[PDB]
Amino acid sequence: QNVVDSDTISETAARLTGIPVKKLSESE
Amino acid sequence: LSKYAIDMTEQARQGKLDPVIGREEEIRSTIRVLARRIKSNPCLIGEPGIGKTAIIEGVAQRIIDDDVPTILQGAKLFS
Ligand SMILES: Nc1ncnc2c1ncn2[C@@H]1O[C@H](COP(=O)(O)OP(=O)(O)OP(=O)(O)O)[C@@H](O)[C@H]1O
């Protein structure tokens, strides 16, 4: 697959830096 | 390298390894970091006893079990 902006980045960052806040939920 | 390090992967091939649970997620993170082109080095940081050695063995298992993309799959892991 491809890298998708904030989608991939927010998840990636949260996984390493913490801050799941930016992931957005599968269901709020 | 064997003069300077222990081939953790080979030990894992020979068993001599204690399986992990839960920590698969940090292992997946480890694989994802290793898969990076620039900052290729993941580091396990936290309290003593958490299972960071256990994670690195978990990494060896993923290598042994072929659960890792080829570019890391063939890796030889050393202590
Ligand atoms: N999933 C797991 N989580 C925690 N411990 C595990 C796990 N699987 C196996 N273990 C066993 O529990 C111990 C975890 O110790 P480990 O060395 O990882 O602690 P550590 O995080 O490295 O801190 P240390 O530097 O005091 O060893 C190991 O002796 C390992 O055999």
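Other residues whose C-beta falls under 14 angstrom from the C-beta of A:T8 contribute a net charge of +2, scoring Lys and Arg +1 and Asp and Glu -1. For B:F78, nonlocal amide neighbours, meaning residues 5 or more places apart or on other chains whose placed amide H falls under 5 Å from its own, are B:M8.
Look at B:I6, B:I31 and count the other Cβ atoms within 10 Å of each Cβ; fewest to most, that gives B:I6, B:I31.
Taking 25 °C and 0.890 mPa s as conditions, chain B diffuses translationally at an estimated 190 µm²/s according to Stokes-Einstein applied to its Kirkwood radius (Cα pairs). Shown in residue order for region A:15-24 are the 3J(HN,Hα) couplings computed by the Karplus curve 6.51 cos²θ - 1.76 cosθ + 1.60 at θ = phi - 60°: 4, 9, 9, x, 5, x, 3, 8, 5, 6 Hz (x for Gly and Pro).
Report, in deg cm²/dmol and to the nearest 500, the calculated mean residue ellipticity at 222 nm for chain B, where each DSSP H run with n ≥ 4 adds -39500 (n - 2.57) and the sum is divided by the residue count. Don't skip to the answer; put the middle values down first.
Details: 4 runs with 34 residues, N = 79.
Computed ellipticity for chain B at 222 nm equals -12000 deg cm²/dmol.
Other residues within the sphere of radius under 14 Å centred on the Cβ of B:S79, judged by their own Cβ, net out at +1 (K and R +1, D and E -1).
Arrange B:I27, B:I21, B:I50 by Cβ neighbour counts within 10 Å, fewest through most, would you? Please list the in-between numbers first.
Values: B:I27 24, B:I21 8, B:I50 13.
Fewest to most other Cβ atoms nearby, the residues stand as B:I21, B:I50, B:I27.
Computed about the Cα centre, the dipole magnitude for the protein assembly as shown is approximately 500 debye when only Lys and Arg (+1) and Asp and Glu (-1) carry charge, each at its Cβ. Of the trypsin sites (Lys or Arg not before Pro) found in region B:7-79, those in coil by DSSP whose Cβ has at most 14 other Cβ atoms within 10 Å are B:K16, B:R36, B:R37, B:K39, B:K76.
For neighbour counting, all protein chains shown are included, and Cβ atoms are generated from backbone atoms with ideal geometry for every residue, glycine included. Read the figures in this text as sums done on the coordinates, not as results from a lab.
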